[PDB]
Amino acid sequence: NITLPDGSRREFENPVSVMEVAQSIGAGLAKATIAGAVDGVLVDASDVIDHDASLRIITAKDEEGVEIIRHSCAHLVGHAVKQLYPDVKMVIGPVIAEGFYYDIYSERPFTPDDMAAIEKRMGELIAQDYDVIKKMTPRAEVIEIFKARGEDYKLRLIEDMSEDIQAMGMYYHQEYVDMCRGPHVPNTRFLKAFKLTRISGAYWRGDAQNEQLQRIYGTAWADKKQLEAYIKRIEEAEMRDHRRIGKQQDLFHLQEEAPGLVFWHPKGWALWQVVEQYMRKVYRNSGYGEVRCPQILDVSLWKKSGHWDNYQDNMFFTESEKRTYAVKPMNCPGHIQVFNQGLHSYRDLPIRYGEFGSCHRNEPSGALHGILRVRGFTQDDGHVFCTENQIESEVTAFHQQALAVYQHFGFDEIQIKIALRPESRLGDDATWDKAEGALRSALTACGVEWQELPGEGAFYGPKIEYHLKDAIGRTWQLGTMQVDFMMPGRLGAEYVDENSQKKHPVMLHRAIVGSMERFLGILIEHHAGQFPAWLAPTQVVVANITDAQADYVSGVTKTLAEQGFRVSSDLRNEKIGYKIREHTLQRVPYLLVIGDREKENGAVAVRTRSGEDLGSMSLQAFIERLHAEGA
């Protein structure tokens, strides 16, 4: 008495297998049967039902059928490697979201050539259309089987299962055999649309102190259509890994002699310079005097700063002539030293200093990542010294300045937050009243909404946070406007007010883009390595078909460089189409080709990064096109 999803029953005398119920309905359903779900329990198609229960046929159309497909593709990895590399040991071959992997102990690592040979050999094996034969085997026999095959890791997995398990499913793939809970496909004809993807590193028991393993990743789907959809996603996703883009475009690299510290190559530093020189104008137009302050400061200054407990274990320390110093992790006390040089009146405030300050923090090395998490960072840092009456106006100006910068970089989606007084805080409640209300009045005057964050502010004042979404919808905090009414008092900053009363000024720490290393990492992934013209490291490449045009090319290159454009000449003894394909892959916005005709007419043939042929053109008309698009 076997019940089906439609609520009906089919009678069966003598215990019947899942497949046999399928064949009873028809050859067609049988041909489509991958496995069955007896009372919600997934079982192999060859398993018999002896009692009566409710059945549900699982086919390739079910997410459960795709999973079983993925499980059996793992088994095929072992089948192929045991023929190719008979001395390696199979460990585990489980299913994951959208694929599978098999961890394998191999004395030597696996190369891409290994993958290719393995996938090919798998494809050969799947093409035989052989049945997977499940045999429920006693535990002693299973041990005897794997011991004869030299699979020492399978035997350790067997010695893990409790004594409650006295038999286990053995799945035979011709001469290969593997064990698992399953189920698995009844036949390899369901394994058509698979592919191996990456090869990587794993560990026995997932513990880093045991032997390392080769991890063979793969994916599998019901049809090649869905397989290719998955491949496009994987390609489009690697298209936004800044580490991969940094390597492919020769922008930067890190190495163990300086962990978390970036080596900017010429093209990467060109990108940096575009941003820093634009933010330097922001300093200029916002009323900041840019400064530069020492990086190595007496430990005594950091102990007075109010930040000693946060940074005492997060700074590089160094010694000279029996004095102890720290490499600076922040610019603010240096900026207070500048402010302290002169006598200031209330008349003189606000005074604003900006600095692209090279800072270091002794961050844990295991948490470092590309240029997004570093030990050495430069921010578009700045500090405003003002009276507390002026906080609001200063914050409205900064708000307007920050949005224009976000607008300039094509970040249109913003979210603004205010962090409020934390539990462990300093200063009068009345002073936190004035500072918090000043941040609220400022954002109101600018007609913006904001989310409030109870308890999330620094101990020395509230702050406004500027969060931006990038082209794939993920959120980053870029800007900060942090009120500080504590460090100025700690470090002797003061002015004279309306009646000769010496008072400490309020200090505002602020940044618009934050860490430049981080911001460049966000920009690289945001634009998917295809930078706008004003931002590309190499904007124009002037090439030459022949050696005759070489001198004319150099003349063109130096004219554009005098015009302030980032230009590079390609004068190599190389095929010109090869140069075209190579510079196109670098995503260079413009590629001027010079031949006999262009040198004689005084023109330049322009081909854009998209592939639009602009034809021939005067050199002056190309310069005009660049200034129009704000390059």
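Sequential numbering from 1, following the sequence displayed.
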item	value
Mean C-alpha temperature factor, higher of 96-104 and 515-523	96-104
Mean C-alpha B-factor comparison - 181-189 and 258-266, higher one	181-189
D298, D129, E394, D241, ranked by C-alpha B-factor: the highest one	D129
Position of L29 among the chain's modelled residues by C-alpha B-factor, lowest, middle or highest third	middle
Modelled-residue ranking by C-alpha temperature factor, third containing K417	middle
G473 CA temperature factor, ranked by third within the chain	highest
Ranked C-alpha temperature factor of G410 among modelled chain residues, by third	middle
Chain-relative CA temperature factor third for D114	middle
